[PDB]
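Only one chain comes next, encoded as structure tokens, the form deposited in one PDB entry.
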């Protein structure tokens, strides 16, 4: 009965019908429907949005009004009373290297992004949010509770601006607000090449038709490449250190410089792209720039896919892996390949895997220099510590030698992220990723915790006793009940993350289900999934199956020693073997002697 289209974001979709490369927009993956999985469209709704007023406004927006008869606790309150902790000893994951946490972020940014909106940009109605803290249109501030310490030092609130939505940038009285996903839904490496043709292009090297991605000009890393600097000012990276004056990096995904280890991962990837273009050229001089750039991009996307589905999802979904991602039966166009709104919140389980420090290690994996270990918070949008303090080898060593933080019901998000988050357009290292996650759950009109348990076919606790049984925690349940008066009111981000982990996984039932389904739809609905018969040849596919995060490092850093399995906890020198011994990526199946 209802509509096919509404939406400001429908630019020309002219599909090149038998092309052998995905678009940069994600468009034309699906021929039955061109737009699916494309960048710049509304996130899919697995369940109808749930807003205070059924359309656009978030729960907690109007003070008088309730949710299921009760007030929604302030985001920062929930964060203070449930999310935080002070003791970092004993929080590290004994089976998960720090790369486990990082990859999850790399994959997350390849799949989905719902950036804040600006209509009062360049105008202090935006900093009117931080300063005066008045709720208004897209300014929806995170107000501090009564005993909050930050009240004494940071004002009445933490500024927060609502996510972009379809069809307009301001008014909404006719249909339920759907937020926008600005990147492509396919595990396609869009964080390396962009999701927009405009950016996709600015990143490439058009000077030499070698198929190289444009590298940094002002600095080099022991010869190896750095991403170009986003010559945008003012720059947040410059801001954390106006003496160092080192801008943020320019990448396919606008978030790359958020934290130093993410920027580190982007670098290995850009590096891998140029290493691929080179060996391909040596192997095919007849091949042109577009051909080199496209076949490399195709290879890198295949690499992100294999590592994710073969090395990363099994140990996140443990026992549930099979229940949700069974054998790849082949490409199926009838599958919705879009990212659901809830997944962007569910994937955040990663915020509880981030540890409070980052280490730089030397060739002997030992604290590198006097300040070897730094507090995570000093590294937000910190590019100077890479350029003027060691390169990425020390950080890559740390990612492998160190561990991820383990999710812990009593110790959920480190204060580096809960009290010390640095946000752009703000000057302070005083934000809260958890309070933010919760204000955003609401901003996106997310339905409560039980609707999602119901959705996944799980029990819906209606009492305190019911929750303790589900969370297998008496104390967490009491606090949650004391705050959300009903399990029905619990925000999905915190409810999903409070559940005990499934065996040989790292997220609980509700999350294994929500995550599991998305990644299945991600694989099954991609015409260009690397093992969809016809996108690569077996000689090619059989060469792909060899890839290891290990190899990526050996080929892109100066580091001799790497573990077999990069995601499990590994200790040097015992679990560390020789780069010379790890299987390499044999690109011969890509040699085309047809001139």
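Definition used throughout: the rigid core is the maximal C-alpha set that superposes within 1.5 Å between two forms. Residue numbers count along the first chain shown, from 1. Residues that one form lacks are left out of the comparison.
Quick note: we don't show the form deposited in another entry, though the next part is all about it.
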query	finding
Listed options 121, 147, 334, 207; Cα moving by 2 angstroms or more between this form and the one not shown (core superposition)	121
Core superposition between this form and the one not shown, C-alpha change of residue 589 at least 2 Å	no
Rigid-core frame, C-alpha of residue 20, shift of 2 angstroms or more between this form and the one not shown	no
Large Cα shift (2 Å or above) at residue 573 between this form and the one not shown, core-fitted	no
Shared-residue segments moving between this form and the one not shown, Cα shift 2 Å or more over 3+ consecutive positions, core-fitted	1-4, 7-12, 120-123
